[PDB]
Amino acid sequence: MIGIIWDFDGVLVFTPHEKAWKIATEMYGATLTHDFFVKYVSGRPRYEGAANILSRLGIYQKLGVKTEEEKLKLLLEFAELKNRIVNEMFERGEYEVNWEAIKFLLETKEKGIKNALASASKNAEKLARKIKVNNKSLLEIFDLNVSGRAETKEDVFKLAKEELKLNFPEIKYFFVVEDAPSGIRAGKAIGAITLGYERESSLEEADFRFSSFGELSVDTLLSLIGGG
């Protein structure tokens, strides 16, 4: 049978990604453009993004931060500030639910497909618990949740895969629903068929590229295996 491993943010839920960085950058005296975000921050590791902002928008220079230890002190402050802002804007309800993803999720569930929630975020489970689908939480629709139990996509995907197999040994095919280029790579690394949801980035490395759910069928999956 089939197992599907779901990333959360960017797939089942949309949060403002650029916005957290913009606000941190604003409070250090600079303006983050969309152009800059796309070129030096988006899709890169958090600390690389942060260091790009601090150096190229002149914030190091402005504050007299000259040595590597001084730079490093501010880098880690800045990157922590950005996480703290992601947390606060989650606390303020700043997200939208992707009901069309939940649609496909429910469709796979009725055809006997097993579904794991597999986010690296500490907040995925909480949000999933509070979003309602019929007479339960979106969380309880999943057969399995491993969210926040590791801190990279590949480690959480790996964990979700091992647990899906333990619980259901007769699963033979794994899919990863993913919205980010790094996740597509993480999916391939654990031997899953990657379902690339392009809402913003293009995901050329993905086995199946799509722009909206419902453009997915259970039959698409079988077809993907396929030869797969």
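Just count from 1 along the sequence shown to find any residue number.
Looking at 83-91 and 98-106 together, the entry lists the larger mean B-factor for 98-106, computed on C-alpha atoms.
The mean C-alpha temperature factor is higher for 164-172 when 164-172 and 31-39 are set side by side. The entry lists a Cα temperature factor for residue 133 that places it in the highest third of the chain's modelled residues. Among all modelled residues in this chain, the alpha-carbon of residue 15 has a temperature factor (C-alpha) in the middle third. Residue-level temperature factors show residue 62 in the highest third of its chain, judged at the C-alpha atom.
Annotation for residue 149: CA B-factor lies in the middle third of the chain's modelled residues. Placement of the Cα temperature factor of residue 182 within the chain: middle third of the modelled residues, per the deposited record.
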